[PDB]
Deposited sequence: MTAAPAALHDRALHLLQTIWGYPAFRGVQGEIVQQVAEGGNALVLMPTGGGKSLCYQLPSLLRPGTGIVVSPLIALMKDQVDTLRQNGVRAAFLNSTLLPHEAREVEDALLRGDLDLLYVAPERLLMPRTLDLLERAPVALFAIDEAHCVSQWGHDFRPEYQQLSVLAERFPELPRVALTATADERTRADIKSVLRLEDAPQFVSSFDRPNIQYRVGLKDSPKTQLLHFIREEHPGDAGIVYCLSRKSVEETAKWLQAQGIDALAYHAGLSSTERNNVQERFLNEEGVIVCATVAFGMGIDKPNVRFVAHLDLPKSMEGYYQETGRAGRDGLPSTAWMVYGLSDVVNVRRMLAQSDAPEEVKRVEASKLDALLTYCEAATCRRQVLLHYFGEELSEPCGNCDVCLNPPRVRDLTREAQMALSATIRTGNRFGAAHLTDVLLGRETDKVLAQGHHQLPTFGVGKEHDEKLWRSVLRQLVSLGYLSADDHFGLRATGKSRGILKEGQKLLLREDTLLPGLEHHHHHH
């Protein structure tokens, strides 16, 4: 039955019914199923394994790297009535030995365990002789070279599905990169599992991106015209831009404070309180709570879509209207691409950072609703334009390349989703390269159907289709038509570029 969940739901959490897709989620893991759960961070996401752990006999085994964070998940839980504990190598050998006893005696509802502890051959043996309700892999993205913090530990969690096939696995993440969603499925065998996407949308936050032009001038005009005495956060890239901006703001009568990794650990706690407890304070920070936050300003490009979402997301936590306002230019993209180039990072990190940036730039350049593009990155599809973003409200002039997008998508399909942008372009142009003649492509009916345009436009159309996920690359430069391709091909969706 589904309703014992509800009795525990509000006898413990205090919510009268599930939110969005969580009812579906809790039922699937409680009836012994597997699951892929993608949600913004929050105690609603924790509900998805904590509640099933209460519903099924035995202990939920929660895998997480945040061992520093850990000790207040049990503290939170041990006053609701729930029994939970921590197992990791920060512990003394007697203490480690008594959580184990407690585990073996069916005394815990939840066991939080660092990957380091879990993957030890000894630890996996205890589990075999302990009453286990499930495995929850939190922050599942870590298995991936792509999505966030890779960890060498995390891609060994292969083993849960091996040594414990019969026990349910639910993997939950807040960073749902599309290459990363795919890689989690592979490590924890959830290819065959349902994948659940709860909404990332924050409807009350209006999204704006625009061109940098005297950014300190632009900002002040924004703050006075639209958020005169309200609490806001202004993010800057460097510790020096925080300092100087913070006192530039003070100079114009705005109660601004600096907040960075740098100076004193007392002021930092001091700055938090002034923000947390007073009204109309603006904090300037690099990367690093208040229910009352009316805007988030970006005066430089964030490092990623993940970061941008978490940062803008600190706004409007009281459900009321808030603005996310960002300007970038010129030099911001150049400065970034130069650092990627002079970075001493490993090959895959250079590969990840380049698509991170491509993703972000693609969002910055949206010719249609920004929100749709943003939410798509996290695997959420918003059917209709939102009506609360600068693109929606002030539509830019667009070039329609829908017809060309269709030609391109068919071209890659009748050639088997394997040739590269340049080759496809040859076919489109009706050029009898020898690579072409070798595959017979010279008299497919699609050959030269694109002779109308030159080489430069097609490569452009192709990047655009790649960036928006109508094509998928990482075949090694071969382009595959994705499922999303039906949109342009059959369901009337349009490909629009900014007129620029």
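Residues 1 to 7, 296 to 300, 513 to 525 of the deposited sequence have no C-alpha coordinates in the structure.
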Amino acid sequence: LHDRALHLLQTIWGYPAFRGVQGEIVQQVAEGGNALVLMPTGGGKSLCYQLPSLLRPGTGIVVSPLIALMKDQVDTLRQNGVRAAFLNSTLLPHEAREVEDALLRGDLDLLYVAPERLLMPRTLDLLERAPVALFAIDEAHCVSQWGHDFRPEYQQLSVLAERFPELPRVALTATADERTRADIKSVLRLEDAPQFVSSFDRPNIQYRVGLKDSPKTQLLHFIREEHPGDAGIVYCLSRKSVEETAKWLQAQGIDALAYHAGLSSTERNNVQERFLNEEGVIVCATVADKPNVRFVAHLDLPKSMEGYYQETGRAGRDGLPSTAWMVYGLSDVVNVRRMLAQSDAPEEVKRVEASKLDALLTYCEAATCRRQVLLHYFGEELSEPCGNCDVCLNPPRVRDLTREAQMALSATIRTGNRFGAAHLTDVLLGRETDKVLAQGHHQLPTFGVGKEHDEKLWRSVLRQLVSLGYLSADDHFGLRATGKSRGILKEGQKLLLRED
From here on, numbers count along this sequence of modelled residues.
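The mean Cα B-factor in the deposited entry runs higher for 150 to 158 than for the other of 114 to 122 and 150 to 158. If you average the C-alpha B-factors over 314 to 322 and over 264 to 272, the higher value belongs to 264 to 272. In the deposited coordinates, the residue among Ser410, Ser214, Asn394, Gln342 with the greatest CA B-factor is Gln342. As recorded in the PDB entry, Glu348 shows the highest C-alpha B-factor of the residues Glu306, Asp109, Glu348, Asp426.
Ranked by Cα temperature factor within the chain, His442 sits in the highest third according to the deposited record.
Residue-level temperature factors show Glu381 in the middle third of its chain, judged at the C-alpha atom.
Among the modelled residues of its chain, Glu100 has a C-alpha B-factor that falls in the middle third according to the deposited record.
Annotation for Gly483: CA B-factor lies in the lowest third of the chain's modelled residues. When the modelled residues of the chain are ordered by C-alpha B-factor, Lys240 sits in the highest third.
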